[PDB]
């Protein structure tokens, strides 16, 4: 009963929230561990709840008041330019929805980043360097995909052109 009560609260809180809720926050609200929250959300996903774990916390997927522009972008940068690439995108008001790496063993690996602010980017880059941080390894020579989302196609164009000026796009060859 208590586990089902806890998961009912998680759904309520995620539906009411306009921002990601960290596993740590959800764990503190329910007196469990972040690991228990992982298991709760896993069970909810198997019940077809569209809950996504992002780099900033859990979100319940729903639609916006205006339909946003979206684009798949092929990128490439050196092993020290991740923070500058991501900051360039959020500074143009672009949501960095995900990143995909073409891994020789796993195939395409996609992480739901949902980076939106400078603080999102700074905290994510710090946490990845403090861990193993090998999602964008020497395996693809920095080549990777992003799904980007913005209010207009004009805004995506300016952000993508800002990537090219820094040499962060995959050069058609």
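Positions refer to the first chain, counted from 1.
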| query | finding |
| --- | --- |
| Mean C-alpha B-factor comparison - 67-75 and 86-94, higher one | 67-75 |
| 130-138 or 143-151, whichever carries the higher mean Cα B-factor | 130-138 |
| Out of 110, 54, 30, 35, residue topping the C-alpha B-factor column of the entry | 35 |
| Residue 166 CA temperature factor, ranked by third within the chain | highest |
| Relative C-alpha B-factor of residue 9, binned into the chain's lowest, middle or highest third | lowest |
| Chain thirds of CA B-factor: placement of residue 26 | lowest |
| Third of the chain's Cα B-factor distribution that residue 62 belongs to, per the entry | highest |
